[PDB]
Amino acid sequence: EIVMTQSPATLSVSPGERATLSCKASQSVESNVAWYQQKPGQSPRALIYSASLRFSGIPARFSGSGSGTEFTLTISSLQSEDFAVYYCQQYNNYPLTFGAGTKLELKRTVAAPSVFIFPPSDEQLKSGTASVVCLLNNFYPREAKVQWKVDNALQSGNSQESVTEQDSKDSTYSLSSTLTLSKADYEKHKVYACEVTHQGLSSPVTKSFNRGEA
């Protein structure tokens, strides 16, 4: 098979600026390369065919270039409507193959997070599981470190986290970090804290709760 290598996997560009995407193939694919746009939930959207020719309804904003084995997609003046995942595709050789995709992030000013912590409910304790959730709301950039402290002891490997896409109006992120303990293990400790580190905070923010605080 042929490999399409896209770079960078991510790109932080503010509206009105230019974005230049790179797509490099492992074999020569002449000029038989297309580009696609895909937004969360939606299906792909064809942008370019034959390296540089646009589909119907594609603004001149998008401009494709390249030939042989190195290909490029350039967006002249970004609009909010354009931030999404961009894939390149070769159809010179079967099977058709896509790349990993480049994700356009919307650059904006720093926003510090608001932190909240949620003890496990009495309904979940009956079941036999304890989930301690720590919420980071509205913040930018994405990079953020959220550490857990049980009885002021630093934890490791017992917490999963997921983040939302950039907001439609804020362009900020919201992250959740869930500590998953068992009811037995959750009652061996008392103080449960959540330490947050972000560029928008001069020093880390910590929110905690004691088992039985309420």
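Each residue number is its position in the shown sequence, starting from 1.
**Student:** Would you tell me which stretch averages the higher CA B-factor in the PDB entry, 60-68 or 167-175?
**Tutor:** Going by the record's values, the stretch with the higher mean is 60-68.
**Student:** Which is higher on mean Cα B factor in this entry, 31-39 or 178-186?
**Tutor:** Averaged over C-alpha atoms, the B-factors run higher in 178-186.
**Student:** Choose from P120, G101, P113, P141 the residue with the greatest Cα B-factor as stated in the PDB record.
**Tutor:** The listed residue with the largest C-alpha B-factor is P120.
**Student:** Test of reading the entry: by CA B factor among the chain's modelled residues, which third contains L73?
**Tutor:** Tercile = middle for this residue's CA B-factor.
**Student:** Sort the modelled residues of this chain by their C-alpha B factor and say whether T97 lands in the lowest, middle or highest third.
**Tutor:** Middle third, going by the recorded CA B-factors of the chain.
**Student:** Where does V132 sit by CA temperature factor within its chain: lowest, middle or highest third?
**Tutor:** For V132, whose C-alpha B-factor we compare with every modelled residue in the chain, the answer is the highest third.
**Student:** Using the B-factors in the PDB entry, rank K149's C-alpha atom against the chain and give the third, lowest, middle or highest.
**Tutor:** For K149, whose C-alpha B-factor we compare with every modelled residue in the chain, the answer is the middle third.
**Student:** Comparing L125 with the other modelled residues of its chain, is its CA B-factor in the lowest, middle or highest third?
**Tutor:** For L125, the deposited C-alpha B-factor lands in the highest third.
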